[PDB]
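Enquirer: Take a look at this one; I'll ask things after.
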Amino acid sequence: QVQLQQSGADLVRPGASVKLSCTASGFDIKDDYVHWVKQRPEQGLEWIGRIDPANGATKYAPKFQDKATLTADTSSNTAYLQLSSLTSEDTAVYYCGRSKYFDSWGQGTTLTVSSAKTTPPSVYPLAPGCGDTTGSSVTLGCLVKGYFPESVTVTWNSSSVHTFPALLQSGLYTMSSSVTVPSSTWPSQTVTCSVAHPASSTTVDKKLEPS
Amino acid sequence: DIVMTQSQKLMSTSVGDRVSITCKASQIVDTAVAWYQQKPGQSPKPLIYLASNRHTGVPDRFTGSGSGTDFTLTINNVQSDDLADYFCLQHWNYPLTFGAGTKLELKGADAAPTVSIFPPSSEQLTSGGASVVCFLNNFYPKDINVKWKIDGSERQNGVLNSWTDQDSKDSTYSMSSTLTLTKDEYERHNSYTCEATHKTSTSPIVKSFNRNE
Amino acid sequence: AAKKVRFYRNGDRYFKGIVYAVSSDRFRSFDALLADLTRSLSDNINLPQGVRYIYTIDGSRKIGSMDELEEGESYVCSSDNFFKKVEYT
Ligand SMILES: [Cl-]
């Protein structure tokens with residue numbers, strides 16, 4: 001149909017530049033206008049600017065005129081969003097969009113601006129201390145701290161599981177996972193959280209132990 | 001810089017209901033307004049163009065209305081598939097501006113959170129850091145307040161809160177609250193306390209542990 | 001006596017156009033017509049410099065006078081020399 005195809009997730013260090021691309025199929029960008037927008041979890045959607053690929057005419061939002069540069073090649077049916085002198089505020093998902101109506105969107109590009117190295121996570125058991133359990137269930141957890149880049153997977157090997165989204169802390173990601181198990185199973189039986197971090201080729205299993 | 005105001009951050013609804021999502025422009029924008037639906041991890045889906053027109057493929061139950069400054073997306077016969085974020089966009093002038101978004105959640109029965117507090121593990125203390133974790137699981141409504149106390153004194157610095165999305169099966173939310181201090185700060189105190197305040201009780205749910213017990 | 005035509009906005013895929021009655025009995029001059037089209041078609045995005053050109057519906061030629069317009073046809077108004085080929089009708 002009409003499709004917008006954006007480039008892959010990118011990780012670039014601060015102060016550098018990066019080129020994001022959006023390739024159209026189903027129509028010619030010469031006959032249209034390509035917009036770009038930034039999305040962050042808390043700031044919402046922010047319009048970046050627009051390009052007319054037929055003459056090169058560009059329009060930028062006030063916040064992006066120095067940071068962003070929009071280009072397009074009608075030959076490749078491709079629009080480009082260049083972001084310069086990258087700061088931490090440029091970590092975001094970027095979308096391209098067809099026309100002021102945004103009647104077709106690209107799938108998005110996650111840009112991470114960071115000087116972190118690939119770092120395996122420190123995996124810390126979360127057990128209750130100094131007491132017998134009351135009730136039918138016991139809640140346990142694993143803290144997963146100090147890793148980069150994003151994507152860890154917590155596997156529990158024993159009821160219900162909560163996976164809390166990762167947050168940046170000291171320039172590295174921290175996440176946590178909680179499991180609830182029957183009070184008759186723990187500690188009498190073994191509960192292990194198993195943490196995979198594919199980027200560092202790390203898999204760590206931690207035994208949850210009482211006191 | 002026109003402002004598109006979606007005064008409802010969060011709207012709770014039931015399957016089959018009618019729900020009306022507003023968007024107020026800070027100055028007249030004629031009918032140059034659009035609406036979009038977005039689900040976690042996905043690009044926005046176009047719904048409405050020129051204030052009141054359905055894009056192709058948009059089901060009948062979505063209607064857009066308004067002109068000037070007051071715009072409404074109406075969802076009749078709400079489906080589970082419609083629980084999602086909705087924002088409006090004006091393109092009457094530059095810069096194009098979106099609303100902040102209206103989240104459509106499922107309306108559930110009140111549920112007090114289950115609160116558990118966990119001391120830093122020994123393996124963490126040896127590395128020179130200490131994280132004290134508090135889970136506030138399976139509560140509704142989403143509005144909740146978490147307060148940390150160290151030896152009775154409230155601490156605000158060093159806390160990170162992380163929320164899950166609404167659980168699609170039981171309609172509850174969950175959150176983790178994590179107090180991080182150095183190992184040296186940690187061992188200069190005895191008692192650590194996680195206080196949860198929520199619609200379901202006028203007394204806070206209070207979980208604490210004391211290091212020397 | 002006037003010719004009934006419809007004026008679209010270059011590149012705008014969802015704008016259905018404006019029907020006009022055009023002739024010397026309606027406008028003093030071609031420039032008068034462009035200036036009214038500038039007012040009635042103005043949108044700060046697709047017509048950033050108003051209506052300065054008028055194209056036939058397929059972009060084959062620019063219209064230069066009211067007499068070149070034909071009853072019942074449709075036309076496309078542009079801020080510049082660059083015809084956007086979209087499905088106006
Ligand atoms: Cl546009």
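Each chain in the structure tokens gets a letter, A, B, ..., in the order shown, and its residues are numbered from 1; ligands are numbered from 1 in order too.
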Please, which residues of chain C lie no more than 10 Å from chain B when the count uses only C-alpha atoms, and can they be set out as a PyMOL selection string?
Expert: chain C and resi 14-15+43-45
Enquirer: What parts of segment 17-136 of chain A does DSSP call helix (DSSP H, G or I)? I'd like the answer as number ranges by chain.
Expert: A: 29-31, 62-64, 88-90
Enquirer: Go through the chains and note each residue within 8 Å of ligand 1, using only C-alpha atoms and all ligand atoms, then give the set as a PyMOL selection string.
Expert: (chain A and resi 32-35+50+52+98-101) or (chain C and resi 11-12+45-46)
Enquirer: Taking the DSSP secondary structure from the backbone, can you list the residues of segment 13-194 of chain A that are strand (DSSP E), as a count of residues only?
Expert: 95
Enquirer: Could the residues of chain B within 6 Å of chain A, counting only C-alpha atoms, be given as a PyMOL selection string, please?
Expert: chain B and resi 43+46+95+100+118+164
Enquirer: Based on the selection just made, write N, CA and C atoms of those residues as an mmCIF file, in the first residue's frame.
Expert:
```cif
data_model
loop_
_atom_site.group_PDB
_atom_site.id
_atom_site.type_symbol
_atom_site.label_atom_id
_atom_site.label_comp_id
_atom_site.auth_asym_id
_atom_site.auth_seq_id
_atom_site.Cartn_x
_atom_site.Cartn_y
_atom_site.Cartn_z
ATOM 1 N N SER B 43 3.558 2.723 16.341
ATOM 2 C CA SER B 43 3.380 4.067 15.829
ATOM 3 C C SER B 43 1.909 4.455 15.917
ATOM 4 N N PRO B 46 -3.715 6.729 12.320
ATOM 5 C CA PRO B 46 -4.619 7.860 12.008
ATOM 6 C C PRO B 46 -6.086 7.456 12.114
ATOM 7 N N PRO B 95 4.311 25.981 14.698
ATOM 8 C CA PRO B 95 4.550 24.556 14.496
ATOM 9 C C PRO B 95 3.286 23.735 14.748
ATOM 10 N N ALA B 100 -1.503 16.512 24.721
ATOM 11 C CA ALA B 100 -0.633 15.705 25.571
ATOM 12 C C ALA B 100 -1.074 14.259 25.645
ATOM 13 N N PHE B 118 12.084 -4.581 50.888
ATOM 14 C CA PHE B 118 13.206 -5.510 50.818
ATOM 15 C C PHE B 118 14.508 -4.788 51.129
ATOM 16 N N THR B 164 4.035 -0.150 35.968
ATOM 17 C CA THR B 164 3.564 -0.994 34.884
ATOM 18 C C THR B 164 2.324 -0.364 34.269
#
```
Enquirer: Between C:40, C:29, C:24, C:79, which residue has the minimum interatomic distance to chain A, considering only C-alpha atoms?
Expert: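 Ranked by minimum distance to chain A, first place goes to C:79.
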Enquirer: Got a sec: who's within 6 Å of residue 22 of chain A, counting only C-alpha atoms, leaving out chain neighbours fewer than 5 positions off, as a short mmCIF file (atom, residue, chain, number, x, y, z; two decimals) with C-alpha atoms, in the first residue's frame?
Expert:
```
data_model
loop_
_atom_site.label_atom_id
_atom_site.label_comp_id
_atom_site.auth_asym_id
_atom_site.auth_seq_id
_atom_site.Cartn_x
_atom_site.Cartn_y
_atom_site.Cartn_z
CA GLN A 5 10.10 2.45 6.25
CA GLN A 6 12.44 3.92 8.87
CA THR A 78 13.95 8.74 0.95
CA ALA A 79 13.73 11.51 3.56
#
```
Enquirer: Dump as a list in words the residues of chain C that approach chain A to within 8 Å, counting only C-alpha atoms.
Expert: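 Within 8 Å of chain A on chain C, we get residues 11, 45, 82, 83, 84, 85 and 86 of chain C.
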Enquirer: Residues at most 10 Å from segment 195-197 of chain A, counting only C-alpha atoms, excluding those fewer than 3 positions away in the same chain, as a PyMOL selection string?
Expert: chain A and resi 118-123+142+144+147-156+192+200-206
Enquirer: Let me see the file: selected residues, N, CA, C and O atoms, as a CSV table (one decimal), in the first residue's frame.
Expert:
```csv
chain,number,residue,atom,x,y,z
A,118,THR,N,28.6,-1.2,26.8
A,118,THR,CA,27.9,-2.5,27.1
A,118,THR,C,28.3,-3.0,28.5
A,118,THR,O,29.5,-3.1,28.8
A,119,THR,N,27.3,-3.2,29.3
A,119,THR,CA,27.6,-3.5,30.7
A,119,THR,C,26.6,-4.6,31.2
A,119,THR,O,25.4,-4.4,31.1
A,120,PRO,N,27.1,-5.7,31.7
A,120,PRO,CA,26.1,-6.7,32.2
A,120,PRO,C,25.5,-6.2,33.5
A,120,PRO,O,26.1,-5.3,34.2
A,121,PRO,N,24.3,-6.7,33.9
A,121,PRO,CA,23.7,-6.2,35.1
A,121,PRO,C,24.1,-6.9,36.3
A,121,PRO,O,24.5,-8.1,36.3
A,122,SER,N,24.2,-6.1,37.4
A,122,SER,CA,24.3,-6.7,38.8
A,122,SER,C,22.9,-7.2,39.2
A,122,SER,O,22.0,-6.3,39.3
A,123,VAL,N,22.8,-8.4,39.6
A,123,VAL,CA,21.4,-9.0,39.9
A,123,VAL,C,21.4,-9.4,41.3
A,123,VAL,O,22.1,-10.2,41.8
A,142,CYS,N,13.8,-9.7,42.1
A,142,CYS,CA,15.2,-9.5,41.7
A,142,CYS,C,15.3,-8.1,41.2
A,142,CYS,O,14.6,-7.6,40.3
A,144,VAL,N,17.7,-5.6,39.2
A,144,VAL,CA,18.6,-5.8,38.0
A,144,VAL,C,19.2,-4.4,37.7
A,144,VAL,O,18.5,-3.5,37.2
A,147,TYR,N,23.0,-1.9,34.1
A,147,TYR,CA,23.2,-2.6,32.8
A,147,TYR,C,23.0,-1.6,31.6
A,147,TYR,O,22.3,-0.6,31.8
A,148,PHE,N,23.6,-2.0,30.5
A,148,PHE,CA,23.5,-1.3,29.2
A,148,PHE,C,23.9,-2.2,28.1
A,148,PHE,O,24.9,-2.9,28.2
A,149,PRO,N,23.2,-2.1,27.0
A,149,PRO,CA,22.0,-1.3,26.8
A,149,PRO,C,20.7,-2.0,27.2
A,149,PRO,O,20.7,-3.1,27.7
A,150,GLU,N,19.6,-1.4,26.9
A,150,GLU,CA,18.3,-1.9,27.3
A,150,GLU,C,18.1,-3.2,26.6
A,150,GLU,O,18.7,-3.6,25.7
A,151,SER,N,17.1,-4.0,27.2
A,151,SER,CA,16.8,-5.4,27.0
A,151,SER,C,17.5,-6.3,28.0
A,151,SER,O,18.7,-6.6,27.8
A,152,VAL,N,16.8,-6.6,29.1
A,152,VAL,CA,17.1,-7.8,29.9
A,152,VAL,C,15.8,-8.6,30.0
A,152,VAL,O,14.7,-8.1,29.7
A,153,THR,N,15.9,-9.8,30.4
A,153,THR,CA,14.8,-10.8,30.5
A,153,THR,C,14.9,-11.5,31.8
A,153,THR,O,15.9,-12.2,32.0
A,154,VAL,N,14.0,-11.4,32.7
A,154,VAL,CA,13.9,-12.0,34.0
A,154,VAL,C,13.1,-13.3,33.9
A,154,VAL,O,11.9,-13.2,33.6
A,155,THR,N,13.7,-14.5,34.1
A,155,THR,CA,12.9,-15.7,34.1
A,155,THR,C,12.9,-16.3,35.5
A,155,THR,O,14.0,-16.3,36.2
A,156,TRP,N,11.8,-16.6,36.1
A,156,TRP,CA,11.6,-17.2,37.4
A,156,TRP,C,11.4,-18.7,37.3
A,156,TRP,O,10.6,-19.1,36.5
A,192,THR,N,14.5,-19.2,42.0
A,192,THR,CA,15.6,-18.6,41.2
A,192,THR,C,15.1,-17.6,40.2
A,192,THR,O,14.2,-18.0,39.5
A,200,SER,N,25.5,-8.1,26.3
A,200,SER,CA,26.7,-8.5,26.9
A,200,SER,C,26.9,-10.0,27.0
A,200,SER,O,27.9,-10.5,27.5
A,201,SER,N,26.0,-10.8,26.4
A,201,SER,CA,26.0,-12.2,26.3
A,201,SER,C,26.1,-12.8,27.7
A,201,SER,O,26.7,-13.8,28.0
A,202,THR,N,25.3,-12.2,28.6
A,202,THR,CA,25.3,-12.5,30.1
A,202,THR,C,24.0,-13.2,30.3
A,202,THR,O,22.9,-12.9,29.8
A,203,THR,N,24.1,-14.3,31.1
A,203,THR,CA,22.9,-15.0,31.7
A,203,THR,C,23.3,-15.3,33.2
A,203,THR,O,24.3,-16.0,33.4
A,204,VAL,N,22.6,-14.8,34.1
A,204,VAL,CA,22.9,-15.0,35.5
A,204,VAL,C,21.6,-15.4,36.2
A,204,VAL,O,20.6,-14.9,36.0
A,205,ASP,N,21.8,-16.5,37.0
A,205,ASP,CA,20.7,-17.0,37.9
A,205,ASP,C,21.1,-16.7,39.3
A,205,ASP,O,22.2,-17.0,39.8
A,206,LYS,N,20.1,-16.2,40.1
A,206,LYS,CA,20.3,-15.9,41.5
A,206,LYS,C,19.3,-16.6,42.4
A,206,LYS,O,18.1,-16.6,42.1
```
Enquirer: Give me, as an mmCIF file with N, CA and C atoms, in the first residue's frame, all polymer residues having an atom no more than 8 Å from residue 175 of chain B, counting only C-alpha atoms and skipping those fewer than 3 positions away in the same chain.
Expert:
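Output (out.cif):
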```cif
data_model
loop_
_atom_site.group_PDB
_atom_site.id
_atom_site.type_symbol
_atom_site.label_atom_id
_atom_site.label_comp_id
_atom_site.auth_asym_id
_atom_site.auth_seq_id
_atom_site.Cartn_x
_atom_site.Cartn_y
_atom_site.Cartn_z
ATOM 1 N N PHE A 164 8.900 -4.546 35.986
ATOM 2 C CA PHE A 164 8.792 -3.093 36.024
ATOM 3 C C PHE A 164 9.745 -2.467 35.016
ATOM 4 N N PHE B 135 7.698 -2.791 46.590
ATOM 5 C CA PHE B 135 6.720 -3.123 45.551
ATOM 6 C C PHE B 135 5.328 -2.753 46.040
ATOM 7 N N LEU B 136 4.582 -2.029 45.206
ATOM 8 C CA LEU B 136 3.183 -1.699 45.476
ATOM 9 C C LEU B 136 2.389 -2.311 44.327
ATOM 10 N N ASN B 137 1.867 -3.516 44.533
ATOM 11 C CA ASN B 137 1.352 -4.347 43.449
ATOM 12 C C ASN B 137 -0.172 -4.434 43.454
ATOM 13 N N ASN B 161 10.678 5.736 40.830
ATOM 14 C CA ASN B 161 9.407 5.036 40.759
ATOM 15 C C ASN B 161 9.180 4.537 39.333
ATOM 16 N N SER B 162 8.740 3.283 39.192
ATOM 17 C CA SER B 162 8.474 2.708 37.877
ATOM 18 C C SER B 162 7.108 2.038 37.896
ATOM 19 N N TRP B 163 6.249 2.423 36.959
ATOM 20 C CA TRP B 163 4.877 1.934 36.871
ATOM 21 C C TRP B 163 4.744 0.947 35.719
ATOM 22 N N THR B 164 4.035 -0.150 35.968
ATOM 23 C CA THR B 164 3.564 -0.994 34.884
ATOM 24 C C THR B 164 2.324 -0.364 34.269
#
```
Enquirer: Rank nothing, just name the residue among C:64, C:72, C:17, C:50 nearest to residue 88 of chain C, using only C-alpha atoms.
Expert: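 Ranked by minimum distance to residue 88 of chain C, first place goes to C:17.
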Enquirer: Using only C-alpha atoms, which residue out of A:159, A:170, A:74, A:68 lies closest to residue 56 of chain A?
Expert: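 Smallest separation from residue 56 of chain A among the options: A:74.
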Enquirer: What is the atom CA of residue 116 of chain B to atom CA of residue 208 of chain B distance in Å?
Expert: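 Result for atom CA of residue 116 of chain B versus atom CA of residue 208 of chain B: 8.6 Å, one decimal.
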Enquirer: Give me the residues within 12 Å of residue 17 of chain A as a ChimeraX atom specification, counting only C-alpha atoms and dropping any in the same chain fewer than 5 places off.
Expert: /A:10-12,67-69,81-87,90,111-113
Enquirer: Using only C-alpha atoms, determine which residues lie at most 9 Å from residue 34 of chain C, disregarding the query and same-chain residues fewer than 3 positions distant; provide the list as an NGL selection string.
Expert: :C and (29-31 or 37-39 or 50-54 or 77)
Enquirer: Which residue is closest to residue 110 of chain B? Choose from B:80, B:201, B:97, B:56 and count only C-alpha atoms.
Expert: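 Of B:80, B:201, B:97, B:56, the one nearest residue 110 of chain B is B:201, counting only C-alpha atoms.
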Enquirer: One number please: atom CA of residue 78 of chain B to atom CA of residue 1 of chain A, in Å, one decimal.
Expert: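 Atom CA of residue 1 of chain A lies at a distance of 28.3 Å from atom CA of residue 78 of chain B.
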